[PDB]
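>>> pasting the sequence and an experimental structure:
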Amino acid sequence: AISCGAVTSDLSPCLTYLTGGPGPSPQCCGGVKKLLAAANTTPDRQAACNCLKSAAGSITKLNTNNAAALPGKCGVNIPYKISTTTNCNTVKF
């Protein structure tokens with residue numbers, strides 16, 4: 001069951017890249033795939049998505065393009081996008 005502490009873990013290393021820095025880092029990728037792998041069902045994906053969506057909300061001038069590149073370059077793409085205006089609850093399967 002994804003709470004939040006586990007989500008913020010991979011977010012730390014993913015921040016450097018989510019901010020526009022060099023990446024995606026190796027530690028970030030590992031954690032990313034972990035958040036998605038730890039949430040196979042909807043309920044689990046909901047909790048994490050909530051912690052993630054709110055996490056990126058504190059990103060100065062968030063880059064939707066970079067956010068999508070994180071998972072894409074990390075070899076782990078998701079059926080949904082990442083943004084403060086995204087709703088994971090509306091994700092079908």
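Okay, I see it. Numbers count the residues shown, from 1 in each chain.
>>> quick one: residues contacting the residue nearest the centre of the chain.
In the chain, the residue lying closest to the centroid (Cα atoms, centre = their mean) is residue 52, at 5.5 Å. For residue 52, the contacting residues are 7, 11, 35, 82, by Cβ atoms under 8 Å, 6 or more residues apart in numbering. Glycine gets a C-beta too; all of them are placed from N, C-alpha and C.
>>> ok, now with 10 Å
For residue 52, the residues meeting the contact criterion (Cβ atoms under 10 Å, 6 or more residues apart in numbering) are 2, 4, 7-8, 10-11, 14, 32, 35, 45, 67, 82, 86, 88.
>>> ok, it to residue 41 distance?
Distance, residue 52 to residue 41, by Cβ to Cβ, to the nearest Å: 16 Å.
>>> how far does stretch 58-72 stretch from start to finish?
Taking Cα to Cα, to the nearest Å, the first and last residues of stretch 58-72 lie 22 Å apart.
>>> do stretch 58-69 as well
19 Å.
>>> which outside residues touch it?
Contacting residues not belonging to stretch 58-69 are listed as 11, 14-15, 17-21, 23-24, 52, 56, 70, 73, 77-78, 81-86 [Cβ under 10 Å, 6+ apart].
>>> mind redoing it with 8 Å?
Against stretch 58-69 from outside (Cβ under 8 Å, 6+ apart): 15, 17, 18, 19, 20, 24, 56, 81, 82, 83, 84.
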